[PDB]
Structures are given as C-alpha cells and as structure tokens.
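Novice: Got a structure here, written out as structure tokens. Questions coming.
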Amino acid sequence: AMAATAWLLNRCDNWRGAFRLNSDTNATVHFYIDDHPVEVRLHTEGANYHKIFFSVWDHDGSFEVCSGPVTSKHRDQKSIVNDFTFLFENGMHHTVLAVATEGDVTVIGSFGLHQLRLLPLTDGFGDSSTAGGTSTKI
Amino acid sequence: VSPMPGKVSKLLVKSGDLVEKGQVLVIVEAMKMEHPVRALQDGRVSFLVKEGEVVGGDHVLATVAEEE
Amino acid sequence: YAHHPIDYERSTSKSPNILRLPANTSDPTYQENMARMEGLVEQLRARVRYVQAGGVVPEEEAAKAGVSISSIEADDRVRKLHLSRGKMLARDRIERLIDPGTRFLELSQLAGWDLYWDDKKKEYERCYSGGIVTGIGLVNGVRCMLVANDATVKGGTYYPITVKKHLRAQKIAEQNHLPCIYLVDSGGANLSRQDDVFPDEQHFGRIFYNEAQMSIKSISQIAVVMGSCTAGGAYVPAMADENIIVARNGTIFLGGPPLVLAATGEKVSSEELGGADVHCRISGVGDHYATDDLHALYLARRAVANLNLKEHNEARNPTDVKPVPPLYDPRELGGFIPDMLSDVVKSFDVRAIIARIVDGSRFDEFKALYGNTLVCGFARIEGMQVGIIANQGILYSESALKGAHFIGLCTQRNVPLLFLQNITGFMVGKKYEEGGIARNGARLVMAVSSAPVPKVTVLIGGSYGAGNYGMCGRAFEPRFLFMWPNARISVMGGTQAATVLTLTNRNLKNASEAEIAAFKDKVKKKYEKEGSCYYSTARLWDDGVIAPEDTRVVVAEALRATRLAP
Amino acid sequence: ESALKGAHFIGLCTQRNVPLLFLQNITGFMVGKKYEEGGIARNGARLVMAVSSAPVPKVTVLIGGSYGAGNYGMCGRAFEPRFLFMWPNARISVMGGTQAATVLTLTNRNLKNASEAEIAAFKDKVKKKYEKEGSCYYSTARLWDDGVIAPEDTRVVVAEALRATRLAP
Amino acid sequence: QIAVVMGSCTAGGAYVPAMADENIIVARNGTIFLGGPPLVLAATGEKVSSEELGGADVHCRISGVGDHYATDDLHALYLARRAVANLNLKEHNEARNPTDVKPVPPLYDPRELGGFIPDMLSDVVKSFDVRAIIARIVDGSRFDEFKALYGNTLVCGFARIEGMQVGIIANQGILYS
Amino acid sequence: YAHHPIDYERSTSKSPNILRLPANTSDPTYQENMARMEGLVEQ
Ligand SMILES: O=CCCCC[C@@H]1SC[C@@H]2NC(=O)N[C@@H]21
Ligand SMILES: O=CCCCC[C@@H]1SC[C@@H]2NC(=O)N[C@@H]21
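Protein sequences appear in the order of chains H, E, W, F, S and Y. Here the first sequence is numbered in the numbering used here, starting from 3 and rising by one per residue. Here the second sequence is numbered in the numbering used here, starting from 15 and rising by one per residue. Here the third sequence is numbered in the numbering used here, starting from 17 and rising by one per residue. Here the fourth sequence is numbered in the numbering used here, starting from 246 and rising by one per residue. Here the fifth sequence is numbered in the numbering used here, starting from 4 and rising by one per residue. Here the sixth sequence is numbered in the numbering used here, starting from 95 and rising by one per residue.
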C-alpha cells in the first residue's frame, strides 16, 4: 500500500485535483512480485484526498496519508526521494522515505527495506505483426 | 410593511428580542408569495400584529427600533 | 472620530464585511430540508453508475434507482463477445487517453434516459447513454473535447439524441477552440427513424459541415476509426487532419458488403471492400495504421502532442496555483435548499449558497436595499473574478434595471457571468403594467442577449415560465448548462396555471369536485411530470446534470474551458 | 473524377465571387471494389470540403430523385443554402430509394421459404415507406426545403433569390 | 471612473453621480440635488426635509440612484477601494511597470544641482552649463552624444532614467540652422 | 489483453518507438563510404 502509493505521487499529481461526476476515483498499480503479477487498487470516497483505501490479496482497509515537500522535479534515474506518513485506521502511523522509479519502488522504514518490482509491460509496442506474409513480397 | 393582500401568519420572532442578523421577522403571503421581508435593522423588534390577521397595504406590522 | 486606519486592517483581516457569516443551527427545519436533499441526490449519484457499465450491475440491489430490471445476462454476453474481438468495450479508451492525475467533466450524462417507448408497453429502448460519451479532456498538456461512440448498436447507431449530442459537442469545441477527438464505432445508420435523423437541418450533414468549418479556422481535429463507419460515416475519416485505422477490426465503407450483392454481386473479402488494408494499396487513406488498441491510442496522443497548444494553455491557465477553500463546509449546501411538493412556495435564501460556493466566502454587493428581489455582485472562483446573478422573489422593474446595469459593467470590463435560475416572478398588478414594466423587461433581455461575455447557467430550482428570458436561457447561447435535482421547467405558471386553466375550460358550474379532480389534479400531474431527471438532459435540454454540493468545481472547469477562446 | 471536377469548379467560383445554383439528382456512388480501392472516399471528401468551405451564396432546387448521402457531394440543407425550392417529383430518402428494398429484404429475420409472402411483407412495405415521403408532405410542410415551386417558372424564382443575396455585406 | 459624493453637488454638479460607473453617497451628509432647497419656495413652496429633496435616502426609495450607501467616511473610502479592486488592471500594470527593481543612483550628489544654476537679475546673461546637470540627473551619470562638434549650441542624446531609456533635448546658447 | 498502461511508460521511457535504432557495423562498405566522405571534407 505504501509502496504503490509512493510511485504515483512520486511521479505525478495522481489523486491530486482529481474529480469525476456522481462517481468516485480509481487508480491501480501492477507489481511483479516474484514470478506472479500483483495488482493493487486505490480509490477514494467523499470529497477527501486524505481518506484512502486499498485492496490487495483480497484484504481491505482504510488509511490516511500525509506527504512531505515535493522534490526532484527533474525525475531522473535517481527520481524522487521523499518522506511519507501513513495513518491507517486501526491506529498506527508510519514514516517512509520512498525513492521510486519506473523499474521499482523502494520503501525504507521500521519494517526494514523492501524493493518491489513493477510488472514490466514492454514488447516492441508498435512493430507487433503476426501477418503470415505468404506471397507477393518485395 | 407588507403588500396589500396581507394575511400574516407563522411569525417566528419573539417581541422585544434583538435582531442584528437578517432573520425572517414576518412572513406574509400574497398569492402563495411568502416573500419573506428579512429585515437587517439592528435592535429589538416590537410586534403590533398577530398571526392570521389580514393587514392593509404598507401597514406598520412592527417597529424595528434601536434597543433602548 | 477616534478612527484612523488605512483601509486595510479594515481590510486584509479575518474581519472584513466582504465575507458572509450565515451559520446554520441544524434544526428540524434544517433536517427536513437537509434530509430531503439527501433524498434527492442518492439516485442521481446512482443511475450514473448503472448506465456506466450499462445493463450489467452485479449487485442486483439497484432498488435505489427506479430503473426496471433488465436482462443482465444478455448485456454481459454482448460485452464478452465484443471484448473477445480485441477491442475494449467501455469508456476505457477515454481514461487511457487522458493524462493521469488530471480532471474530466463528462459534459452530457444519462443521455437518452428512458426516452423512446417501444411496441412493448412496459418496455423502453435501452439507451443507457446517448450512444456516445462526451467530456472535456486534458491530453498531453492540451485541453480537448472527447467524443466516443459507444458500441451499443442493438437499437441502431445514431438517434435524434445522438446527433444532437455530437453537434452540441462540435459547437462547444468551435466556440472554445478546443480540438476534438472522436472515437468512431458505428453500426451504420438507423433505417427506421431515418426521416427524423437524415434529412432536414441540424442533422447528420451538419456534422460534416462543422468538421470543415473547424479546419477553416485552423482548429485541428482528430478521429479514431475503431470499427465500421458506413452510410456517410466514412467521411469523418476522410475529413480529418489525422485518422487512425486499427489493423484488423478498423473498417471504412461507402457501400456495405451486402450492397455489392444484387448489383454486380462478385463478393470478395471485407478487407478488400474498404477495411484496414495494410498491403501498401494505392489509396492514401488513413494516416495511422496501428497493430493494437494501445498502439492506436498512443499514436493519437503523439499526434495531439505536435500542435503547439501546450505553451498557450500553460500561459493562459496557470498550472501551479494555491487552492483557496470557502469558509463554510460545502456539505451544508443541501440544507438551505427547501423541500419539495409543498402546496405553497416554501422560503428560500441565496446569501448562504454564495457564501458556501465562492472563495473565502465573500461577496461584492451592488445596490441591495433597492430592488431587494434580485441579487448581483462580483466574487472569486478559484483565482478568477466572476459575476453572479441569483434570483430571489418576484421581479420588479427596478430589479430589471439593476440587472441591466450589472451586465453593462461586466461586459465593459470583460468579467464572466454565472446564472442561478429561479421563479418567473413577474407581477401582474395594473399599476406595475402602467409603469412600463414591459419596457424594463425588454431593457434587461436586450442586455442579456447582446453581451459577448461567456455565460453559464445552473438551475437552483423552480425555473418555470418566461422569467428565464430576463436572466438567461438555452436560447440565449450559454456555453454550458448544468442542473440540480430539484428543478422544474414549465409554462409561465407552475401552480397558478392550474388555477387559471381551471376557470376557462368547458366546465359546468356544478360537479365542482369531479371537475377539480379532472382539471387541477391533471394539470398538476402534467406540470410536475416534467422534472430535472427526465425532461432535461435526456433530451439535451440543459445537458449537464450535477450535484448541489460540488458546484464550484464544475463552474471552475467551465471557466478554464472558456479562456482558450479568441 | 466527377468529384474532382466539382471541386475545381467550386474553387474557381469562390475565387471570382460567382454565385452557385444546384440541381439535385440521385446519389450515384459506385460500390465497385476497384473504385473503393482507388481512393473514392478521399475524392468525395475533397468535394464536400470545397462545398462547405465556400463563402459564395448558394441556392438549391430539387430536380428529382434526391435520395441518400449523395447530396452531401453537391449541397444540402445542412450546408447553409440561403434558399431552398422544390419540384413536385421529388423524393428525399435513405441512401437507396429502390435498392434499399432489395438489400433490406435479405437481412431481416426471413425464413428461406414463404418467399412470396415475405416479399409481399418486405419489398412492398419498404416501397410504401420510401415513397410515402414525397415533395408534397415530408417537405415544406416540415420546412425541409421550405420553398415549393413549379418547374416552368424556375428562372424567375432564382432571379428573385439572387437579387435577395446582393444586399449582403 | 468613480466619484464619491461627500456633500452637496447642485447646479449641474448632480450629473457626475448620475454619470458614473460607481458612486458613493454618505449616509447623513451626502446630498445630490438638481434644484436647491430654496428653489422649491417661490415655486410651489411646500417645503419638506432636505433628505427628501434628493439627499441620502436610505429607506429603499424607488430611485436606484447611487451604488454605495456607507455609514461612515472610513466605510465609504473602503468601498471605493473595494470597487477599484475589481477592475483587472493590477495584472496589466504589474506586467508593464516592474514592481521589483534595483535603484541605480547617479555618480554625483544631487544636492549639487543648485550650484551649476547661475544667479538672477544680472544685467548681461550669465554663463551656464548642461553636461553637469545631465550627469547629475541620469542613471550612472552617463550620456550618449550625437554630433556635438557640429551645431555646438544644442544638445541631444540618449540616457537612462531608473531602468528606462530616455531622450533629452537641453538647450545651450543661440540656435542655428 | 493483459496490457493496460496509461500511454506513458509506453511513453516517457528510453524505449519508445518514436526513436530510431540504426546502428552501423563499420564494415568495408562503411569504410568505403566513411573514408570517401573523409576524402570529401578535408579540403
Ligand atoms: O400578487 C402578486 C403576485 C403576482 C405573481 C405573478 C407571477 S407571474 C407568473 C406566475 N403565475 C401567476 O399567476 N403568478 C405568478
Ligand atoms: O453498375 C453497377 C453499379 C451500380 C451502382 C448503384 C449505386 S451505388 C450507390 C447507390 N445505392 C444504390 O442502391 N445504388 C446506387
């Protein structure tokens, strides 16, 4: 939950200024943990960017999140290193310095260090031709 | 003051109570026109009319005077 | 007298008279109103969900929406068959197309809600949307109009509500100089209501007219051909600065595959008849040939990029701004709204609403002691100065004069206007008629129509009759319209028309009770059978429908939409 | 090639500020595969672009048989004609007046057998639908092509129209 | 344009409150008249209070005259300021005249400007100079001379005045062709 | 089909189709050409 959230925010204004009609927001992240893809879905209810939920591995809860100063606008290979705070409903609170990149999201805190690989989705986007090419060539 | 049709009713303000904010002092109905007056004159308001009493045009329904 | 400041302090303090301090007390009256509002929004906010993923609602608990039960299995089967083809059956193309973290509007929604009555008496045509979805989208730093043709072809491609939606989108884009993107999937035409949709004016030809008038003004437009566009639908790929044809299922035809039969019926493959022909054919038709949906969407984005509008939008609308919230909680907007179905008009207020919507909860009153009926003054909406006309009571001549004066100033200084509609409220007194009230009403309407200022209106409630001509109306070119649930648009009288038309209709003096049962009850049924939910939006009368709580965000979308204008 | 010639003519007329007159007829878009492969859609777009873009005053009069999307090539109400007039023998309908019958006969829930009853129920019915509309009712009465005239007195009417369109800015 | 009506403006002076985008009438002493209080006498002299003759009439009269009714001088001045605010000229002025600039002073003390000026009441014209004055006034004490050897009488050239380029014509002597 | 990005990644990555990857192998043909060019620029 903290790792997935950092990649969005530490890349753009996802969940920032977002707005729809008579509905609610939704945004998802795919993690390639081990050899099995992992999907995490985040959404909001109310007029609150603050109130956020999560559903990973059929486990649901709520938390709030308060970020820090925005840094590393150039978002280079080092990308963005920012501290995060997360208040989960149960009652806890956490602080996480996340240096996130397209390749992976690294979270360091009292849990330890964990890097989660993001599900790779690249394959000659364009040149994807399965045509037989039987005759009348060159 | 209310227009000609009158028929004041449902007055929700106590006589001799300060009115600085513009609450609905009296509500008069003219062809389903509640048209609340909503006076903002400061000071207590003194009522000279009663609910259900048909009043003439531009009648002195109440005197909104400074609290003395 | 012992008072010598320098205007500020008196200003720039948390105590300026400019602000407003209407604090509610949450009493029964508040509850009665607040509760009802809640009773007026839940389904509004809900039907939206049902038409979204239309006809497939797995919860099966949609009793909060009065929508009839529909065959969910048939719609799921159709969607499965369509998605097996390789194309995404949803609005998914849109949120894939728009940049993440950005906004959206969904201009017209619930379009064609239970519009047509079928041969089956209890069945209506299942047009969950108008057949398309329309909303303002920000692509690659560029604001654009997005029109997507839904894959619902069961009833037929386009209806009198579909072409009207498309033409409204085109007119909005041309007025605002937002480039359009069309997502094209069609079943051809509708050969049943063809007289209603093909000939005459404001029809399918005007789409072709607009796609050329735009390119005259150098407002580039883009179309994506996901499926077949026949029966005059093949001209949009031809009339396009950039067009995209998917490698397998993208097809464009001027004559149908059945049409070659019975007229030199040497039938050949549908590919050779005009579909995506990636073999270096002689035809130079269609700019982009993309192997996959993602590839096509990506090339659309890439073409949108090379338009040079990013600099102009970034300069005109500041991307990095500090949001200033109002002083009072926006959830309280439902409370000040009174209830419904009340014999006599209930009471109402405006100050609270404006204090809840505007920035910093402030206002700039003009003459309020004089013409106490009508309200006009300046404001602030998310960093932009605004003028608001909100109506309260029965209009007088002096109210019309004040309105004309305000509109004069606003046009003079180029300030946008916002309208909050209310009752007609034209007095019928003989002295008022003798006082030249008609001349003053004309004074108001002349200024309203003559104004070159961008104009948006939103229904508060009770907009019935010719009074809207005084403030604003669809026939007065409002660049956007939005509506609240408790809206009634009717004849010059909502309640009085009942009383007046009771007298003058072939009524005997006797049988009074049976007559009032047949007259008054019937006309009440007629004049409140129309409402916000059905007569509006579904017929693209005041196309936008919103919630009262989230009005300021919507109006801020509208104002940012109307500053790319020339 | 007809579309190319039309585009060229409209180009000259707009260049020299010459008014245009239209005499509508059948749609007449060939459906041959070679013609479709020859970029016919591009040339039709070439024609319609010039038609709509022209600032020249434009008037159309129905000769007869104006059915389908072919009018988009020449002119139509949705292309801002400052006047429209009609002759009695006019039919404004779907892309096919007669062929729509044959095509829609095939693809509508028809069993192979009962051929005679089916063509009685299909072909006769669609003929009734597509010639129930006509010059007299579907037009003018609904302000589709509002003007209705006689074929004999056309030049006088067109001369009225042209004198009407020279006070323009 | 904006006008504030603190006292009476009669005798054609009442049109400025009428010809105004915004006008302010003080609650007590603000009065506007087209005919004077003495004027009603001797012509239907049914004299009534000066308030009713056209002064500040805060009773929701039929007249929609005068935009602002302010209870005090400070209130009226404050509303004038508030109306001035909503004109959208702030952006245009801020763009055109930079608000945040670094002042560049001249190289010589401006008190010396009185010295190079000669005396007065002198039978024959006294002597005079210009270079010193321009060097004392301009930024950085600089100048951009055109032809000075030729037509040595008259002085013309460019300069700098607080971040803005200026042209100066200063005259010295008897003019020639 | 198991592919659901948001256009970027597919974009804003060092792997967009927009770029070009013609890498030469410096063979005789290259030398014959490269060398001549050098023979066409010195003077
Ligand atoms: O007694 C004065 C109230 C006059 C209200 C007139 C308005 S005009 C439209 C509407 N229909 C009516 O009969 N009355 C109101
Ligand atoms: O010579 C054979 C070709 C016949 C073309 C018939 C044209 S194609 C478009 C239009 N629609 C019809 O039903 N017929 C005409």
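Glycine included, C-beta positions come from ideal geometry on N, C-alpha and C.
Is there at least one non-hydrogen atom of ligand 1 closer than 6 Å to the beta-carbon of W:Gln-437?
Specialist: Along the third sequence, read from residue 1 onward, the residue named residue 437 of chain W stands at position 421. No, since every heavy atom of ligand 1 falls outside the 6 Å radius drawn around the Cβ of W:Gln-437.
Novice: If you reduce the DSSP assignment to three classes, tell me which class F:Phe-274 lands in.
Specialist: Mapped onto the fourth sequence, residue 274 of chain F falls at position 29. Looking at F:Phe-274 - three-state DSSP - the assignment turns out to be coil, as it is neither helix nor strand.
Novice: Report, in whole angstroms, the separation of the C-beta atoms of W:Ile-423 and W:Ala-395, which I expect to be a contact under 8 Å.
Specialist: Locating residue 423 of chain W in the third sequence gives position 407, where the first residue counts as 1. Locating residue 395 of chain W in the third sequence gives position 379, where the first residue counts as 1. Between W:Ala-395 and W:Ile-423 the Cβ distance is about 15 Å, and since that is not below 8 Å, they are no contact.
Novice: Taking the CB atoms as reference points, tell me whether W:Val-149 and W:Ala-167 lie closer together than 7 Å.
Specialist: Here residue 149 of chain W refers to the residue found at position 133 of the third sequence. Here residue 167 of chain W refers to the residue found at position 151 of the third sequence. No, these two residues do not count as a Cβ contact at 7 Å.
Novice: Is any heavy atom of ligand 1 found at a distance shorter than 6 Å from the C-beta of S:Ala-86?
Specialist: To locate residue 86 of chain S, count along the fifth sequence from 1; it is residue 83. No, the Cβ of S:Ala-86 stays beyond 6 Å of every heavy atom of ligand 1.
Novice: Given that a residue counts as buried once 16 or more other Cβ atoms are within 10 Å of its Cβ, and exposed if not, what is W:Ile-505?
Specialist: Here the question's residue 505 of chain W lines up with position 489 in the third sequence. When all chains shown are included, W:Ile-505 counts as buried.
Novice: Output the boundary residues of the alpha helix (DSSP H) element that contains S:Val-19.
Specialist: Start at 1 with the first residue of the fifth sequence, and residue 19 of chain S comes out as number 16. Its alpha helix (DSSP H) spans residues 18-21.
Novice: Would you say W:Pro-116 faces chain H, with C-beta separation under 7 Å as the test?
Specialist: Here residue 116 of chain W refers to the residue found at position 100 of the third sequence. Yes, W:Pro-116 counts as interfacial toward chain H.
Novice: Could you check what DSSP says for W:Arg-568 in three-state terms: helix, strand or coil?
Specialist: As a position in the third sequence, residue 568 of chain W is number 552, starting the count at 1. W:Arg-568: helix per DSSP, three-state reduction.
Novice: Any Cβ of chain H within less than 7 Å of the Cβ of W:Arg-264?
Specialist: Counting from 1 along the third sequence, the entry for residue 264 of chain W is found at position 248. W:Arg-264 does not count as touching chain H.
Novice: So within the segment 100-144 of chain S, which uninterrupted alpha helix (DSSP H) runs reach at least 4 residues, ignoring any that extend past its ends?
Specialist: Fully enclosed alpha helix (DSSP H) runs of 4 or longer: 116-119, 134-140.
Novice: Using a Cβ-Cβ distance under 7 Å, would W:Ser-377 count as near chain E?
Specialist: Locating residue 377 of chain W in the third sequence gives position 361, where the first residue counts as 1. No, no contact with chain E.
Novice: Per the DSSP calculation, W:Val-301 is bridged to which residue(s)?
Specialist: For the purposes of this step, residue 301 of chain W is taken as the residue at position 285 of the third sequence. None, per the DSSP bridge assignment.
Novice: When the distance is taken between beta carbons, is W:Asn-407 closer than 7 Å to W:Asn-388?
Specialist: Here the question's residue 388 of chain W lines up with position 372 in the third sequence. Here the question's residue 407 of chain W lines up with position 391 in the third sequence. In this structure, W:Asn-407 does not lie closer than 7 Å to W:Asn-388 by Cβ.
Novice: Note down, in chain order, all residues in the segment 275-301 of chain W with a beta-carbon under 9 Å from any beta-carbon belonging to chain F.
Specialist: Residues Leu-275, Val-276, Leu-277, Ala-278, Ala-279, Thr-280, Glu-282, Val-284, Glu-288, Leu-289, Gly-290, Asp-293, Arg-297, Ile-298, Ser-299, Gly-300, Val-301.
Novice: For S:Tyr-111, which residues of its own chain have a beta-carbon under 7 Å away from its beta-carbon, when the five flanking residues on both sides are left out?
Specialist: Locating residue 111 of chain S in the fifth sequence gives position 108, counting from the first residue. Excluding positions up to five away in sequence, the list reads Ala-138, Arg-139, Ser-144.
Novice: Can you confirm whether W:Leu-199, when its beta carbon is compared against all beta carbons of chain Y, has any partner nearer than 7 Å?
Specialist: The count along the third sequence starts at 1 and reaches residue 199 of chain W at position 183. Not one chain Y Cβ lies under 7 Å of W:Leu-199.
Novice: Can you pull the chain H residues whose beta carbon is under 7 Å from the beta carbon of Y:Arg-104, in chain order?
Specialist: The residue you call residue 104 of chain Y lines up with position 10 of the sixth sequence. In chain order: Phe-127.
Novice: Counting C-beta neighbours from all protein chains within 10 Å, is the total for W:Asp-537 16 or more, i.e. buried, or is it exposed?
Specialist: Taking the third sequence and counting its residues from 1, one reaches residue 537 of chain W at position 521. Exposed.
Novice: Please list the terminal residues of the continuous beta strand (DSSP E) segment that includes W:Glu-217.
Specialist: For the purposes of this step, residue 217 of chain W is taken as the residue at position 201 of the third sequence. It is not in any beta strand (DSSP E) - W:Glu-217 carries neither H nor E in the DSSP assignment.
Novice: Which chain E residues sit within Cβ distance under 8 Å of W:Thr-511?
Specialist: Indexing the third sequence from 1 puts residue 511 of chain W at position 495. Under the 8 Å cutoff, chain E gives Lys-46.
Novice: Examine chain F for any beta-carbon lying closer than 7 Å to the beta-carbon of W:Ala-228, and answer yes or no.
Specialist: Residue 228 of chain W sits at position 212 when you count from the first residue of the third sequence. Yes - at least one Cβ of chain F is within 7 Å of the one on W:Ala-228.
Novice: If distances are taken between C-alpha atoms only, which option among W:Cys-160, W:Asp-134, W:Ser-100 comes closest to W:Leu-123?
Specialist: Position 107 of the third sequence, counted from the first residue, corresponds to residue 123 of chain W. Minimum Cα distance to W:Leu-123 is reached at W:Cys-160.
Novice: Is W:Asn-484 helix, strand or coil by DSSP?
Specialist: Taking the first residue of the third sequence as 1, we reach residue 484 of chain W at position 468. If DSSP states are grouped into helix, strand and coil, W:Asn-484 belongs with the helices.
Novice: F:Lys-373 by DSSP, collapsed to three states: which one?
Specialist: Residue mapping note: residue 373 of chain F aligns to position 128 of the fourth sequence, counting from 1. Note: F:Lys-373 maps to helix in three-state DSSP.
Novice: Please confirm if the segment 91-104 of chain H is in contact with the segment 5-13 of chain H, defined as three or more CB-CB distances below 8 Å between the two stretches.
Specialist: Contact holds: three or more Cβ-Cβ distances are below 8 Å.
Novice: What does W:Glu-381 pair with, by DSSP beta-bridge criteria?
Specialist: Against the third sequence, residue 381 of chain W aligns to sequence position 365. Looking at the DSSP assignment, W:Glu-381 forms a beta bridge with W:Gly-393.
Novice: I'd like to know whether the C-beta atoms of F:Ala-248 and F:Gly-289 end up nearer to each other than 7 Å.
Specialist: Translated into the one-based positions of the fourth sequence, residue 248 of chain F becomes position 3. Translated into the one-based positions of the fourth sequence, residue 289 of chain F becomes position 44. Contact: yes.
Novice: Note down, in chain order, each residue of its chain lying with its Cβ closer than 7 Å to the Cβ of W:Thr-427, except the 5 sequence neighbours on either side.
Specialist: Position 411 of the third sequence, counting from 1, holds the residue named residue 427 of chain W. Hits under 7 Å: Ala-467, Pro-468, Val-469.
Novice: With DSSP collapsed to three states, give me the class of H:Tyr-34.
Specialist: Against the first sequence, residue 34 of chain H aligns to sequence position 32. H:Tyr-34: strand per DSSP, three-state reduction.
Novice: Check this for me: beta carbons of S:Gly-57 and W:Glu-414, under 7 Å apart or not?
Specialist: On the fifth sequence, residue 57 of chain S is found 54 positions in, with the first residue counted as 1. On the third sequence, residue 414 of chain W is found 398 positions in, with the first residue counted as 1. Cβ distance not < 7 Å, so S:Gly-57 and W:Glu-414 don't count as in contact.
Novice: Output the residue ranges of the beta strand (DSSP E) runs that lie fully inside the segment 72-103 of chain H and measure 3 residues or longer, sorted by chain position.
Specialist: Runs found: 82-90, 96-102.
Novice: Could you check what DSSP says for W:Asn-226 in three-state terms: helix, strand or coil?
Specialist: One-based indexing of the third sequence puts residue 226 of chain W at position 210. W:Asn-226 falls in the helix class under three-state DSSP.
Novice: Any heavy atom of ligand 1 within a distance shorter than 6 Å of the CB on W:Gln-512?
Specialist: On the third sequence, position 496 is the one that residue 512 of chain W refers to. True, at least one ligand heavy atom lies under 6 Å from that Cβ.
Novice: Could you tell me the boundaries of the beta strand (DSSP E) in which S:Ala-173 lies?
Specialist: Counting from 1 along the fifth sequence, the entry for residue 173 of chain S is found at position 170. Taken as a continuous stretch (DSSP letters only), the beta strand (DSSP E) holding S:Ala-173 covers 167-174.
Novice: My understanding is that W:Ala-239 touches W:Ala-256, with C-beta atoms under 8 Å, so please give their C-beta distance in whole angstroms.
Specialist: For this step, residue 239 of chain W is matched to residue 223 along the third sequence. For this step, residue 256 of chain W is matched to residue 240 along the third sequence. Rounded, the Cβ-Cβ distance is 5 Å, consistent with contact.
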